[PDB]
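Q: First the structure, then my questions, so here it is.
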Protein chains: 2
Amino acid sequence: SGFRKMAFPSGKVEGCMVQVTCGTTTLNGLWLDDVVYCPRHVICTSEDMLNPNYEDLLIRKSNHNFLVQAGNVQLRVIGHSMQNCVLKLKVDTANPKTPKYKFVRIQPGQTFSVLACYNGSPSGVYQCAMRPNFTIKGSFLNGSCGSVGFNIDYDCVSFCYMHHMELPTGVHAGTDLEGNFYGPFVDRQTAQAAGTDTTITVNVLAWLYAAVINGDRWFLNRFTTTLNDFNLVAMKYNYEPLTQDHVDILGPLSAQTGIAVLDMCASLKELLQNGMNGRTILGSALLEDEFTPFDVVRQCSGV
Amino acid sequence: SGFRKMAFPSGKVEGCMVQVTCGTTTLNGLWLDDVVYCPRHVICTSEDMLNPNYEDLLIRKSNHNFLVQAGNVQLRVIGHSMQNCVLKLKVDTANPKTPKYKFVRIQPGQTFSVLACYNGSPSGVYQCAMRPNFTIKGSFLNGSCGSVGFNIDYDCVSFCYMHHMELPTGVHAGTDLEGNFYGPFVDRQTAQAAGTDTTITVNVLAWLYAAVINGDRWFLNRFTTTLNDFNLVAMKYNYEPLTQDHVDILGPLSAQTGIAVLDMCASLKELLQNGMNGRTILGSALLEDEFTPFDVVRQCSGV
Ligand SMILES: *C(=O)[C@H](C[C@@H]1CCNC1=O)NC(=O)[C@H](CC1CCCCC1)NC(=O)c1cc2ccccc2[nH]1
Ligand SMILES: *C(=O)[C@H](C[C@@H]1CCNC1=O)NC(=O)[C@H](CC1CCCCC1)NC(=O)c1cc2ccccc2[nH]1
């Protein structure tokens, strides 16, 4: 038993990471096949950081300035190209450790593993979620850009996020591996705000089901509620409105435990209005919303 | 910025994991060089689980029953041997992906990464700490035994823990890679208790320093305290007594922030006696004790 924040094994991604340098700037890139992907903001210098014209910055630039290193090994950049907010540096040697992979766009509420890298080398791996405001709550320092988020299905590595910047509130923003940013954000040194910090209700409910699977059941009430009565209260606590589709996703968890979805909703209604009272749930004193229904089932039953 | 539970990259360990089967029982093993290490409890059958005599169980056993599989590949067991509570199955083919590694015994309070595996295949990676009661607070299901905990220093993988069992309170117990258990625990289906759940004060203090490095400073008081006054209060909250050696380990964190150790102690004294008040620190509503001083420095500054 037990339940913890669990990331996917980082081995398949570790061999795909490289250091990219374009003059003074140094960050990380993804070497899949003969291409190295990295944030286009590599080509920006102190002078042109507020409102950069990347087109113009590249019309001055050549694929001779960009330096890539796979370890103390160096690959040869042979042909660059900007795609949205990503750079695609064609290299001479194809990555021998390129895994079965696919690029996918995740939606708000979904979770992914992040491999934090600096200078091309891995620092660590952690579980993350795409917040409703399209930011992610991560741990990234300078030199972290280029680091990737991913999910692993069987043999396929599904790349979904590349780190680009930190917003003023300490949250982080980035793009998918095709160069399109998540949310309204953009790669310029403007002050872009995150918005309201909404809680993912379907995730909280799933983590409550994990609690019950793991023996924690003090929060369970004999009460029940309606979709609507719940949403009328949850909305003042900045909770994501629950829908009929979320109820269905919770279908399997409701039956494995015997606890109806609207029953948990009533139990959550009371934790929100009356609190936790210093009591703990799965070692947490707050309502965790970074577990998807599918994260619960995999950790509580199999690989 | 940010601060999250971060594990070490799992790549170096993933290639060392194998499935071990001895009749009906199936678990995981570690294939380092030409040896495969696994818990000796592999040789136990329903009948002999309460008080097993492993010596006698082996005098009946042969290295022809034990089946190891590296993926859908099968290695050949050529010579077994029991070492403490571990089995050492000599195999014909040496692991080509065997990394620079060393076996080390960690002490209470120190942290390590766990790679949860089932049937030889990785499920996920998470950060753990050796609790004061010599148990670890993990997520392990049936078929998880053999999974390893580790720390990575530069190029060396330091293996420190192999999973063996779950105590009645949901906590987990295991040995080091030489076969010696952590704590008083033993490999038999007896009810062994964990003891008091002590909080690692030096770790909590370190996580408070992380909070201040990351902008959270509401808990900071203008008060100060003495070692002793602190320990006289912390002892009723089942906190590990702080010592002069812990104060020195906190030396670097105290200076990077400007906040003296006994100042944090006073700030912690008030959080323990007066509470958190629903306020959050680094997204947590409880006092986290799974970060060592050295975990703070690495995540907040470099690889
Ligand atoms: C890349 O490695 C870093 C990662 C940051 C550093 C702190 N933690 C992180 O997540 N990214 C940056 O430093 C970007 C680089 C810019 C280059 C020009 C185009 C826009 C991105 N900068 C920011 O993340 C940035 C700029 C800025 C301005 C005002 C408030 C916040 C802010 N953040
Ligand atoms: C191995 O894969 C499992 C891992 C456990 C299953 C639940 N979560 C885990 O961490 N280990 C076991 O099932 C052990 C096997 C025994 C074989 C004979 C020698 C002792 C270990 N059993 C236990 O962990 C066990 C037995 C027991 C009896 C009473 C209370 C708790 C308890 N736990």
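Each chain of the structure tokens is named A, B, ... in the order shown, its residues numbered from 1; ligands are numbered from 1 in display order.
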For range 214-222 of chain A, list every protein, DNA or RNA residue within 12 Å, evaluated using only C-alpha atoms, and leave out those in the same chain fewer than 6 positions away; present the list as a VMD selection string.

A: (chain A and resid 1 to 4 205 207 to 208 257 to 272 274 to 277 279 to 284 287 296 299 to 300) or (chain B and resid 139 to 141 168 to 171)

Q: For chain A versus ligand 1, which residues have an atom no more than 6 Å away, and what is each residue's nearest atom pair and distance in Å rounded to one decimal, using only C-alpha atoms and all ligand atoms, chain-then-number order, as a Markdown table?

A:
```
| residue | atom | partner | partner_atom_place_in_ligand_line | distance |
| --- | --- | --- | --- | --- |
| A:27 | CA | ligand 1 | 2 (O) | 5.9 |
| A:41 | CA | ligand 1 | 17 (C) | 5.0 |
| A:44 | CA | ligand 1 | 18 (C) | 5.9 |
| A:49 | CA | ligand 1 | 18 (C) | 4.7 |
| A:140 | CA | ligand 1 | 10 (O) | 4.6 |
| A:141 | CA | ligand 1 | 8 (N) | 4.2 |
| A:142 | CA | ligand 1 | 6 (C) | 4.0 |
| A:143 | CA | ligand 1 | 2 (O) | 3.7 |
| A:144 | CA | ligand 1 | 2 (O) | 4.1 |
| A:145 | CA | ligand 1 | 2 (O) | 3.6 |
| A:164 | CA | ligand 1 | 11 (N) | 5.5 |
| A:165 | CA | ligand 1 | 24 (O) | 3.2 |
| A:166 | CA | ligand 1 | 24 (O) | 4.0 |
| A:167 | CA | ligand 1 | 31 (C) | 5.0 |
| A:168 | CA | ligand 1 | 31 (C) | 4.7 |
| A:172 | CA | ligand 1 | 10 (O) | 5.7 |
| A:187 | CA | ligand 1 | 20 (C) | 4.1 |
| A:188 | CA | ligand 1 | 20 (C) | 3.7 |
| A:189 | CA | ligand 1 | 26 (C) | 4.2 |
| A:190 | CA | ligand 1 | 28 (C) | 5.3 |
| A:191 | CA | ligand 1 | 29 (C) | 4.8 |
```

Q: Could you check the closest approach to ligand 2 for each of B:57, B:68, B:157, B:232 and tell me which residue wins, using only C-alpha atoms and all ligand atoms?

A: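 With only C-alpha atoms and all ligand atoms as the atom set, the closest residue is B:57.
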
Q: Neighbours of residue 96 in chain A within 12 Å (only C-alpha atoms; same-chain residues fewer than 3 positions away dropped), as a list in words?

A: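 Result of the neighbour search: residues 12, 15, 16, 31, 32, 33, 34, 70, 93, 99 and 100 of chain A.
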
Q: Can I get the selection written as a compact mmCIF listing (two decimals), in the first residue's frame, with N, CA and C atoms?

A:
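Dumped to selection-v9.txt:
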```
# COMPACT_ATOMS: atom_id res chain seq x y z
N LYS A 12 14.41 6.63 -20.77
CA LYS A 12 14.19 6.80 -22.21
C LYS A 12 14.43 8.24 -22.66
N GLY A 15 18.78 9.87 -22.52
CA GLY A 15 19.66 9.76 -23.67
C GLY A 15 19.33 10.67 -24.82
N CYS A 16 18.20 11.37 -24.75
CA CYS A 16 17.77 12.31 -25.78
C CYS A 16 18.14 13.76 -25.47
N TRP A 31 17.25 15.68 -28.64
CA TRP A 31 17.84 15.09 -29.84
C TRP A 31 17.04 13.84 -30.17
N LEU A 32 16.03 13.99 -31.02
CA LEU A 32 15.23 12.87 -31.51
C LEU A 32 15.53 12.66 -32.99
N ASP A 33 16.02 11.47 -33.33
CA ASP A 33 16.46 11.18 -34.70
C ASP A 33 17.60 12.15 -35.01
N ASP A 34 17.58 12.84 -36.15
CA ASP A 34 18.64 13.75 -36.57
C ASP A 34 18.32 15.21 -36.29
N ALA A 70 26.37 16.41 -27.00
CA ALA A 70 25.83 15.22 -26.36
C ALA A 70 26.88 14.70 -25.39
N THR A 93 24.66 13.40 -37.08
CA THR A 93 24.48 12.07 -36.52
C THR A 93 23.10 11.95 -35.87
N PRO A 99 14.03 7.00 -28.87
CA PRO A 99 13.03 6.01 -28.51
C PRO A 99 11.78 6.13 -29.35
N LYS A 100 10.94 5.10 -29.37
CA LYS A 100 9.61 5.24 -29.94
C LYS A 100 8.92 6.37 -29.20
```

Q: For chain B, which residue out of A:106, A:77, A:82, A:7 is the nearest one, using only C-alpha atoms?

A: A:7

Q: Pick the closest to chain A from B:185, B:159, B:8, B:294: which is it, counting only C-alpha atoms?

A: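 Under the stated criterion, the closest residue is B:8.
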
Q: Could you please write out, as an MDAnalysis selection string, every residue of range 180-269 of chain A that DSSP assigns to alpha helix (DSSP H)?

A: chainID A and resid 201:213 229:234 244:249 251:257 261:269

Q: Could you give me, as a PyMOL selection string, the residues within 9 Å of residue 103 in chain A, counting only C-alpha atoms and dropping anything in the same chain fewer than 6 positions from it?

A: chain A and resi 157-160+176-178

Q: Name the residues of range 165-222 of chain A that come out as strand (DSSP E or B) in a backbone DSSP run; write them as a PyMOL selection string.

A: chain A and resi 165-166+172-175+181+199

Q: Check the smallest atom-to-atom distance from each of A:95, A:301, A:19, A:201 to ligand 2 using only C-alpha atoms and all ligand atoms, then report the winner.

A: A:301

Q: What's around residue 148 in chain B at 10 Å? Count only C-alpha atoms, leave out sequence neighbours fewer than 4 positions away in its own chain, and write the answer as number ranges by chain.

A: B: 13, 17, 28-30, 38, 112-117, 144, 159-163, 174-177

Q: With distances taken over only C-alpha atoms and all ligand atoms, which residue among B:192, B:121, B:228, B:254 lies nearest ligand 2?

A: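 Counting only C-alpha atoms and all ligand atoms, the residue closest to ligand 2 is B:192.
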
Q: Could you work out how far CA of residue 18 in chain B lies from CA of residue 152 in chain A, giving the answer in Å with one decimal?

A: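 So the two atoms, CA of residue 152 in chain A and CA of residue 18 in chain B, lie 19.6 Å apart.
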
Q: Could you check how far CA of residue 46 in chain A sits from CA of residue 210 in chain B, in Å to one decimal?

A: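 If I compute the distance from CA of residue 46 in chain A to CA of residue 210 in chain B, I get 29.3 Å.
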
Q: For residue 240 in chain A, which residue among A:127, A:180, A:196, A:226 is the nearest when counting only C-alpha atoms?

A: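 Once distances to residue 240 in chain A are computed over only C-alpha atoms, the minimum belongs to A:196.
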